[PDB]
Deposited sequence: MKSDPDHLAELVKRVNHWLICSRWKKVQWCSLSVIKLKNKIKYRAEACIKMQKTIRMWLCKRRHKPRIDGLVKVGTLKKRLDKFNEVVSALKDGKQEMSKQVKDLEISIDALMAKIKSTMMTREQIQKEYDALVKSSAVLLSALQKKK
């Protein structure tokens, strides 16, 4: 197109196109800011899901053994002048080991040794009786 009329149409179309491009430049930039804004919130939410699951795991693994131990001693417990004094002597010994765990963090193995001691002495007191 070399005509002076065609060329004026051209300048109109090109001027329109440019305007439609200034729009898309700022609109798509607007959409970028939005998308970025959401990436930050997407990444935070996923971070928090890792964080909470870790807080939980860190906590459970410290205390579950101590609950389990507690239960073990607590079950044992559930299971006239001479016999009673020898057995009440065990309940009190149990409630003591049960208060020990409820009052001081201790390893499953430590709990286990104490528990084993309670079982042996207790089997001998329920075998005689």
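Comparing the deposited sequence with the modelled residues shows gaps at 1, 81-94, 145-148, with numbering starting at 1.
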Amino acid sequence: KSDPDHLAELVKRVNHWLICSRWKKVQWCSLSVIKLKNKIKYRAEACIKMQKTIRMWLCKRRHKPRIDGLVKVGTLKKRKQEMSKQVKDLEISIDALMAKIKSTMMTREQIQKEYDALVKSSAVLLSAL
From here on, numbers count along this sequence of modelled residues.
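Stretches compared: 111-119, 13-21. Higher mean C-alpha B-factor in the entry: 111-119. Between 53-61 and 99-107, the higher mean Cα B-factor belongs to 99-107.
When the C-alpha B factors of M83, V71, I40, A46 are read from the deposited coordinates, the top value falls at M83. Among all modelled residues in its chain, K88 ranks in the highest third by Cα B-factor. Among the modelled residues of the chain, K35 sits in the lowest third by CA temperature factor in this PDB entry.
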